[PDB]
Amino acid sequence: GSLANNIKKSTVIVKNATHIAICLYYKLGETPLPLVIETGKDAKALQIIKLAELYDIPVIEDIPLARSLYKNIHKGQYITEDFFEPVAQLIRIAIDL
């Protein structure tokens, strides 16, 4: 579960500037719900965002959602029902792209 490999397979990243980055992973047939596969604050959020760019993972800024995911959903956990709609919207955009 190395940082680069996690980002590489991620579906979408949601961010609050350089402070927080949340890497979400959803694949029908593999994940029953979107999974928080990687998270970072500060230097680590910066690392995530540069790797995202290198691997062409869509990065969407949403400050309240990035904040709330970071507070509530730890790396390696699925999202909770609170997040289903908002994260479903972010996944559809990533698919759009």
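Residue positions are given as counts along the sequence shown, with the first one as 1.
Please work out which of 79-87 and 21-29 has the higher mean CA B-factor as recorded in the PDB entry.
Result: 79-87.
Taking the entry's C-alpha B-factors for this chain, is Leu69 in the lowest, middle or highest third?
Lowest third, going by the recorded CA B-factors of the chain.
Compare the C-alpha B factor of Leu46 with those of the other modelled residues in its chain, then answer lowest, middle or highest third.
It belongs to the highest third of the chain when residues are ordered by C-alpha B-factor.
Mind checking which third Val36 falls in for C-alpha B-factor across the chain?
CA B-factor rank for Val36: lowest third.
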